[PDB]
Amino acid sequence: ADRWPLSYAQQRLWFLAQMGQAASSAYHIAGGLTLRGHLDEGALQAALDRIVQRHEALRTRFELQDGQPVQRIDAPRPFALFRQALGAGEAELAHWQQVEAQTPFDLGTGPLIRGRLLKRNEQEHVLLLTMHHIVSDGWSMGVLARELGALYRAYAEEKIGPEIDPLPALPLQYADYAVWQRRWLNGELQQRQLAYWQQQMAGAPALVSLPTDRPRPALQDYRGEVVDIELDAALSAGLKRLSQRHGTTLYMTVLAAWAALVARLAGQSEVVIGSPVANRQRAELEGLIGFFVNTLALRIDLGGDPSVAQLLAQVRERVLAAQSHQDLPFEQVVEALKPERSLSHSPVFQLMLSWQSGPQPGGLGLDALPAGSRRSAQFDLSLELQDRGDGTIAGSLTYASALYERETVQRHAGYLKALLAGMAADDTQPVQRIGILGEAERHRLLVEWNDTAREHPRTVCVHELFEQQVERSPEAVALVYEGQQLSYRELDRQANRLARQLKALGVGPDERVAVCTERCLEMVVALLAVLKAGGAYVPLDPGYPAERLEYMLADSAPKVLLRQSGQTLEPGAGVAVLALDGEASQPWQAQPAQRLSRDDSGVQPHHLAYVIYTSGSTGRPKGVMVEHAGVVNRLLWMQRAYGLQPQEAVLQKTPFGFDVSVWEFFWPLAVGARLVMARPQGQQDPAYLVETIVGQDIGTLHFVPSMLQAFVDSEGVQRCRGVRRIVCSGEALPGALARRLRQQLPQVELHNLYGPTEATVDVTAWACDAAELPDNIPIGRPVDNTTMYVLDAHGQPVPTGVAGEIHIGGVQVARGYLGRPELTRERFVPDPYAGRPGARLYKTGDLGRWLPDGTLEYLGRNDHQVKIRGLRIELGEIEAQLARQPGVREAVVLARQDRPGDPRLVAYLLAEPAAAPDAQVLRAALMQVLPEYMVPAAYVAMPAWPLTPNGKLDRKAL
Ligand SMILES: [Cl-]
Ligand SMILES: [Cl-]
Ligand SMILES: [Cl-]
Ligand SMILES: [Cl-]
Ligand SMILES: [Cl-]
Ligand SMILES: [Cl-]
């Protein structure tokens, strides 16, 4: 009664079996062989009987002893080979090998190895062989088939007596290996390898952030499908030559390839790829049939932007260092590491790469049988390659169906094949500069989704768009400011009168003119007069402190300051002050109202139209110099896409220091509509906006998302039934706010626009016309004559769904920053995708990605990125889940970076009038919908949001 102990891997399967969790097909080692030719059924029986005679693991039962399990061994016995028939057909054979992989074993009585001899013809059989994983592994099937083929060829063809064993005796058995392991796990060598893996995996990314077609569920879906993958002869020989030159194996070279590709796609510097390893280092163990295989986590780093040779050198050492510590079980590694085991994904790694040797290179043709169609997706992606004897490298890429689509995985293999080709071609280049996109996807990202060319007039300025409209519609109303009105002709006369006094002074092409005034009729007269005079207008909002105005006034270095009456702003010497209204304005109001000749101004579309300064969030304000031709294209597109009618009205409600006011001014003036100048900000009642919309019948309106929220919640918002369009710019628009505007005002058409001040005004637009609106409202498709690109660190287009830096190109890119050329050269780079002489490209610093439908998605700034566990976090997904909770009206989540290198998530709430929210109610209910690392630590309530001068949400005031 000899009772031997279990190995660590066997005790885990026994513990899982007692709980009823070792019932999967992954715990059965199934194989098959097709036997073409006449079959000596007596010799095949003698071969199977000798295998169980040799390997006492195939005679092993499992039972209890003093509470703990033991490894009982029986005496040799004949093999349980079941004979049956088999009809020809791919489906009939796939059924019986599915039964072999599905049917459970009896660990108490056995046997733990079985087979089926499926007879097809009198000279063709299919031998299926299946054994439990507590007794075998993948290497064991190779030993079983190799040992079976030699025993049959000796008993059948050589006529060796079944009495004797024609193969060499085993030096030891699996029970000997278990006794050695139990003594090893209690010694210092186990402490060394556990100490190595903690240090090696310290700070590694817990979860990969590969872009998936669907979000990953709370409970992992183990269902999976497969995508074939094959490398042709030229690539395989090039990879074998590359591996020989750098001292790596084909496994190491593919590992460096996949880890480099996943780094680009997931937006992470480090990638952790799992891999099985045959724990058969002792040469005596290579011929045994036992549970030996172990898992190794390989941590690859690409933060240094390495070359091909430097990445291969890294993977070489990290694999050899991992293989020199493979004795430690992987379950003790995941237990010794910090990250918590989640039900949504696998621990430590979510991607696995595996390699295996080729087929075995007679009378009976023992050809191998391929695996079944079904594959259990134990991880997100599983790459399993082999070196075939014909000179190619082929395998299968198994993907979890709940995460990816079949089309997405086919592109993933295409990236890897193209990446491997670049590594074999040139080993000196940086591995992340290698091209991976196919010709179809590259042409779709660069050309098809940038097909925005339009033949607009390019020899016209913004003031000429107005001069062409006053001749078509002179007697129609153009400006409305508190009862007073001005026709298109009277406005053109007032602008021409002021333009002559500016032209009498030193105003000309590219000269600046500062305009300091609150909203009135003279504000639009000043702007048109500056453009007519040939210069560019610099808006100076008097609501800002005098310190800011005196800086923008000195930095712009204008020729004239157009100042309102009650304004104490004073400029420096050299520049002339000129009154805009009041008694001090009669010098220019007495000018002839005749229009200035085009050759007198000398203005051109390539000259400056305005210089609007930035808010100064990351330094002092910068003057963005925008030319005439860019504003014309921006205005002509807005009319082409929305079609403003001459009878409609537009409300000038955005501060004219905000470049959104540009189209609020000149779009209705270039088409024929009337512009209602709203009352100045400091003189407005909370109910002023609602009564001004219905009082003046405003057609087109603009809001920033945080201001649109106050408009929806204002008193009497449903009275604004005459509104046709609402445009959103500045912030990101939540889907919950868009769906609430859909109910309050069903007739209005909401549009989402994106664009920095350096790209004229806006460059992309998206209509909220879908019946189903997403939580993340896309910024849309580019506008006319402007291209959009999502580039990586090397300025190259990233694949679809991959995050990168948004780059803007076309005619709307600004000339640069006034008086700061070095910053312009850094963020106004040449455009290589245009094919034009000196076309430029603006670096926005905004993170974004292309969606499969050809639209762009805003992902925030690069400096405002939040990461937990080395994984990017979308704070909008947390704010949206808070708003769904009862008792909460609005929510904002921020990342307060304390002393630890792991920021604290603080949530800010606007409560519903019913009651104030409770922290435990929000904590528990949100703990179920979101993971543990996305639940805020503290929740605070506020009466209202603090706002910026432009109406945006002031997150720094929170
Ligand atoms: Cl370290
Ligand atoms: Cl390990
Ligand atoms: Cl494609
Ligand atoms: Cl903006
Ligand atoms: Cl918000
Ligand atoms: Cl804090």
Which FRET efficiency, nearest 0.05, do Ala75 and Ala770 yield, Cβ-Cβ r, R0 56 Å?
0.20
For the residue pair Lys159 and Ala941, what label-to-label distance in nm results when each label sits 7 Å from Cα along the Cα-to-beta-carbon direction?
9.7
Using the Cα gyration tensor of segment 516-620, with a ≥ b ≥ c the square roots of its eigenvalues, what is the shape: rounded (a/c below 1.5), prolate (a/b larger than b/c) or oblate (neither)?
oblate
Of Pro605, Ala278, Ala529, whose Cα points farthest to the positive end of the dipole of the chain (charges on the beta-carbon: +1 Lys, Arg; -1 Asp, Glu; origin at the Cα centre)?
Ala529
For the pairs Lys503/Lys532; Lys338/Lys867; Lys532/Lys622; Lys532/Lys559; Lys119/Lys159, flag any whose C-alpha to C-alpha distance is greater than 20 Å.
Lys532/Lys622; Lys119/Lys159
For segment 85-208, what does the alpha-carbon gyration tensor say about shape, rounded, prolate or oblate, given a ≥ b ≥ c as the root eigenvalues, a/c under 1.5 as rounded, and a/b over b/c as prolate?
oblate
Of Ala687, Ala313, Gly901, which is farthest along the charge dipole of the chain in the positive direction, counting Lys and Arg as +1 and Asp and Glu as -1 at C-beta?
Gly901
Over the chain: helical MRE at 222 nm, DSSP H runs n ≥ 4 each giving -39500 (n - 2.57), nearest 500:
-9500 deg cm²/dmol
So what's the gap between the Cα centers of segment 5-68 and segment 515-560, to the nearest angstrom?
86
Name the residues whose placed amide hydrogens come within less than 5 Å of the amide hydrogen of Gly816, ignoring near sequence neighbours (fewer than 5 apart) on the same chain.
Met625
Cut-off under 16 Å on the C-alpha distance; same-chain residues fewer than 8 positions from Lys653 excluded. Which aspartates and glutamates are left, in chain and number order?
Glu482, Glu518, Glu522, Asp541, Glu664, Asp685, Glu691, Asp697
Which whole number of Å³ per residue matches the convex hull of the alpha-carbon atoms in the chain?
201
Applying the gyration tensor rule to the Cα atoms of segment 193-234 (axes a ≥ b ≥ c; rounded if a/c under 1.5, else prolate if a/b exceeds b/c, else oblate), the class is oblate
Picking from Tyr817, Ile777, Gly801, whose Cα lies most toward the positive end of the charge dipole for segment 709-846 (charges on Cβ: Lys, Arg +1; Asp, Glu -1)?
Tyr817
Among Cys520, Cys720, which comes first, second and so on when ranked by fewest other beta-carbon atoms within 10 Å?
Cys520, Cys720
Output ³J(HN,Hα) for segment 552-565: one whole-Hz value per residue in order, computed from phi by the Karplus curve 6.51 cos²θ - 1.76 cosθ + 1.60 with θ = phi - 60°, and x for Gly and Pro.
4, 5, 7, 6, 5, 6, x, 9, 9, 10, 7, 10, 6, 5
Rank these for me by crowding, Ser601, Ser373, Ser269, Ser136, going from fewest to most other beta carbons within 10 Å.
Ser373, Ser269, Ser601, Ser136
What base-10 log of the normalised intensity I(q)/I(0) is obtained for segment 623-669 from the Debye formula, alpha carbons as equal point scatterers, at q = 0.15, 0.33, 0.34 Å⁻¹?
-0.41, -1.30, -1.31
Take the Cα gyration tensor of segment 557-605, multiply each eigenvalue by 5, square-root it, and list the three semi-axes largest first, rounded to whole angstrom.
24, 17, 8
Counting C-alpha atoms alone, how compact is segment 1-76: give Rg to one decimal and Dmax as a whole number, in angstrom.
16.5, 52
For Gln84 and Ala593, extending 7 Å from Cα along the Cα-Cβ vector and measuring point to point gives, in nm, a value of 10.1
Using only Cα atoms, locate the centre of segment 91-168 and the centre of segment 568-603, then give the distance between them in Å, rounded to an integer.
99
Spelling out what I want: for every residue of segment 759-770, take phi, set θ = phi - 60°, compute 6.51 cos²θ - 1.76 cosθ + 1.60 (Karplus), and round to whole Hz; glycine and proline get x.
10, 6, 10, 9, 10, 10, 8, 9, 7, 8, 9, 5
In 5 Å bins starting at zero, report the fraction of Cα pairs in segment 850-958 per bin as a rounded %.
2, 10, 20, 22, 19, 15, 8, 3, 0
Could you derive backbone 3J(HN,Hα) for segment 490-502 from the dihedral phi with the Karplus parameters 6.51, -1.76 and 1.60 (θ = phi - 60°), listing whole Hz in sequence and x where the residue is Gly or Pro?
5, 5, 5, 5, 5, 6, 5, 5, 6, 5, 6, 5, 5
When the Debye formula is applied to the Cα atoms of segment 344-488, each taken as the same point scatterer, what base-10 log of I(q)/I(0) results at q = 0.12, 0.20, 0.21 Å⁻¹?
-0.77, -1.33, -1.36
To one decimal place, what orientation-averaged projected area in nm² is obtained for the convex hull of the Cα set of segment 828-912?
9.0
Nearest-0.05 FRET efficiency for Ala26 and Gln897, computed from C-beta distance (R0 56 Å)
0.85
Using a 10 Å cut-off around each Cβ, can you sort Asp775, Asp380, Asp846 from fewest to most neighbouring Cβ atoms?
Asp775, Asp846, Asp380
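Read the figures in this text as sums done on the coordinates, not as results from a lab. Every residue, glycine among them, receives a Cβ derived from its backbone with ideal geometry; neighbour counts consider all protein chains shown.
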